[PDB]
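Quick notes on the structure that follows.
Cβ atoms come from the backbone with ideal geometry, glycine included; neighbour counts cover every protein chain shown. Nothing in this text is a laboratory measurement; each read-out follows from the coordinates by a stated rule.
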Ligand SMILES: O=C(O)c1c[nH]c(=O)[nH]c1=O
Ligand SMILES: O=C(O)c1c[nH]c(=O)[nH]c1=O
Ligand SMILES: [Zn+2]
Ligand SMILES: [Zn+2]
């Protein structure tokens with residue numbers, strides 16, 4: 001009519017929440033009886049508030065409220081029907097399986113990935129998913145997980161964070177992981193979580209709620225990780241790698257020109273032959289191996305994203321169920337698309353769903 | 001008509017001579033392998049130690065005469081079609097000095113910039129720097145001295161403030177004094193991000209990550225902190241020029257706004273009233289953006305954020321000389337931005353005229 005597809009939309013299955021509920025170290029879910037909803041505590045930047053609340057009963061509630069929407073497949077479908085979304089490509093949210101002990105991670109990752117497949121089977125044609133990987137485990141266990149996700153119905157990709165195997169995404173030990181995913185034609189969805197070292201937010205950090213780590217930390221983290229991939233030659237070494245970047249590439253469309261200029265003016269790089277004239281620029285990679293979600297909350301940002309990658313490589317997302325009304329968050333981004341490319345346009349239909357349908361083969365199984 | 005460059009730096013010969021004698025970053029050091037090395041950044045410390053210890057690569061960047069020579073500045077202007085420069089000390093300014101030595105050198109160096117501008121009246125104005133490692137009293141004394149300095153049109157400062165960043169309440173009297181004196185504040189990065197974010201392969205990428213990412217991100221965090229702390233509301237006459245088209249601010253402005261209005265704690269504790277001045281409003285009323293963005297993509301975003309009347313052309317001379325071209329010829333790191341202006345707003349348009357210099361002339365009262 002045409003189809004609306006949401007590619008940035010999360011869940012924590014009940015089995016995953018139940019795990020978080022039993023933890024005493026981040027990530028965790030903890031009930032504070034002065035609030036009905038349990039608190040979801042995921043982030044390094046939240047540790048200070050957690051500790052303050054664990055000592056002083058007068059301190060503010062740490063983390064964010066855990067609504068039922070995080071774990072309810074039924075509320076996901078309700079959200080879709082209420083918002084005119086025909087298909088969601090759901091993904092486990094941060095920090096995935098990153099925090100698990102090496103020995104246990106593969107069994108848990110594999111169980112949870114299968115639960116996602118089973119969730120999609122309940123609503124055939126309306127749900128597909130990005131699987132996540134046991135990246136704290138040895139690479140051979142990670143490969144075994146990739147081999148399993150390749151066989152799972154409704155799986156169309158992999159969601160992962162910026163830590164890789166623990167040394168980031170420019171780690172050559174991670175290359176076989178990108179390679180095995182790309183060879184299986186799975187889209188890689190890169191998503192933030194670790195943000196930036198907390199000291200950058202300053203000694204008044206606790207006064208600003210979650211604004212700085214979420215509004216700045218997250219997209220900057222994404223940008224740094226993809227820039228490191230680019231500099232390390234990951235996009236040339238895995239030529240068929242295709243990546244979807246969270247939050248319109250973080251800040252990448254805005255900084256792409258600056259990155260190119262710093263590269264071609266880097267004396268050391270140039271003098272040591274690391275800037276050959278046939279180098280694939282960041283602009284070329286943005287056109288050939290990167291897709292951007294449209295979760296940017298303004299036509300200013302969206303226009304830059306579109307100018308960087310083309311309208312055929314932008315994909316609508318909501319980031320449901322984060323940022324509930326205190327869903328404006330879904331609608332603002334839909335409006336941003338229209339302002340950017342005009343209502344009823346082929347570009348609008350592309351961004352709102354047809355790109356995702358094409359790239360992620362949102363029919364088969 | 002007039003081309004004005006508001007993002008263009010010098011280290012006076014006095015400043016370099018000090019750097020040549022220094023034991024720790026920042027410093028200038030000669031190496032037998034080649035031109036002195038300029039070593040400024042924390043990201044350069046590992047390379048410095050390894051070079052002090054044979055065939056390790058040259059640390060820092062080549063210290064050409066372009067950093068120190070007024071004649072070279074004018075020549076660069078005359079080979080790049082620039083009529084007027086508003087020059088500034090380069091990072092890290094007076095930041096690294098002991099609190100005791102900083103006032104004396106800060107003021108001597110500000111006086112030298114005024115002297116330099118007097119050599120080329122009408123073509124040179126400057127942003128002054130402040131002894132922010134010293135007590136506030138000395139910072140205020142320096143402000144009072146720069147207020148009376150001929151050809152001074154503003155202050156350049158980093159993100160560290162007095163040592164606790166720009167949301168530091170003790171810094172509010174400094175912003176008030178500068179804003180009352182009608183001095184534009186040119187916010188410029190230096191400290192980047194903590195080096196661990198660049199990872200253990202950091203060394204293989206030359207300076208690309210600290211400069212291409214760390215700098216504009218540092219700027220963005222500093223201004224966001226100022227904004228969140230109410231600085232712009234508390235000092236309503238404060239005007240700020242942001243380096244590198246605001247770092248990443250025009251791209252993240254929407255995200256920042258969304259995160260604020262959806263922040264449960266902030267909203268429920270009354271920190272997000274309905275009449276709050278948004279970042280979009282501050283971007284149109286108290287913020288100017290330079291056009292040092294190297295692409296019409298980023299430039300168009302900056303223009304949509306602050307308006308074409310609040311964008312100002314700059315080059316960042318002399319930091320990115322051509323590597324395989326004549327440094328005495330036109331610089332591509334300056335031609336790129338000029339072209340970005342053309343692509344974004346059209347050659348010969350009044351918007352081009354505004355961005356290329358007329359905005360700077362108006363806002364900074366140049367003649
Ligand atoms: O903005 C987002 O995408 C998110 C923000 N904060 C989270 O904890 N998870 C997310 O997915
Ligand atoms: O990009 C820049 O503006 C700069 C980059 N690197 C420096 O050392 N100083 C600068 O001013
Ligand atoms: Zn998300
Ligand atoms: Zn500069």
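Between residue A:343 and residue B:24, what is the spin-label point distance in nm, taking each point 7 Å from the Cα along the Cα→C-beta axis?
Each label point is offset 7 Å from its Cα along the Cβ direction, giving 6.3 nm.
Which FRET efficiency value, to the nearest 0.05, do you get for residue A:35 and residue B:137 by plugging their Cβ-Cβ distance into 1/(1 + (r/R0)^6) with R0 = 56 Å?
So the FRET efficiency works out to roughly 0.75.
Based solely on its DSSP helices, what 222 nm [θ] is calculated for the protein assembly as shown when runs of n ≥ 4 H residues each add -39,500 (n - 2.57) and the sum is averaged over all residues, nearest 500 deg cm²/dmol?
Mean residue ellipticity, 222 nm, calculated: -11500 deg cm²/dmol.
How high is the FRET efficiency from residue B:100 to residue B:121, r the C-beta distance, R0 51 Å, rounded to 0.05?
According to the calculation, E is roughly 0.90.
Quick check: Cα centre of segment B:79-97 to Cα centre of segment B:197-232, how many Å?
Spelled out, the Cα-based centre of one part sits 20 Å from the other.
On average, how many beta carbons from a partner chain sit within 10 Å of the beta carbon of a residue in B:343-355?
0
Return the percentage of antiparallel bridges among DSSP beta bridges fully within chain A, rounded to the nearest 5 %.
Counting only bridges with both partners in chain A, antiparallel ones make up about 15 percent.
Using a 10 Å cut-off on Cβ to Cβ distances, tally the other chain neighbours for every residue of A:192-200 and report the average as a whole number.
3
Between residue B:326 and residue A:151, how many nm apart are label points set 7 Å from Cα along the C-beta direction?
Label-label distance for residue B:326 and residue A:151, simple model: 6.8 nm.
What is the calculated FRET efficiency for residue A:363 to residue A:281, with r their C-beta to C-beta distance and R₀ = 45 Å, to the nearest 0.05?
0.85
Pull up the DSSP beta bridges for the protein assembly as shown and report the antiparallel fraction as a percent, rounded to 5.
Antiparallel bridges: around 15 percent, rounded to the nearest 5.
For residue B:162 and residue B:237 in the same chain, what is the full-extension length gain: residue separation times 0.36 nm, less their Cα-Cα distance, in nm?
The residue B:162-residue B:237 span can extend by a further 24.9 nm.
Which whole-angstrom value gives the distance between the alpha carbon centres of segment A:50-74 and segment B:233-267?
26
Using 7 Å Cα-to-Cβ label points, what is the residue B:182/residue A:185 separation (nm, one decimal)?
Spacing of the two 7 Å Cα→Cβ label points: 6.8 nm.
Please compute, for peptide B:218-226, the average count of beta-carbon atoms on other protein chains lying within 10 Å of each residue's beta-carbon.
4
Would you calculate the convex hull of the Cα atoms in chain A and tell me its volume per residue in Å³?
For chain A, the hull spanned by Cα atoms encloses 143 Å³ per residue.
By average Cβ neighbour count within 10 Å, what is the ranking of B:210-216, B:181-187 from highest down?
For the peptides B:210-216, B:181-187, the packing ranking is B:210-216, B:181-187.
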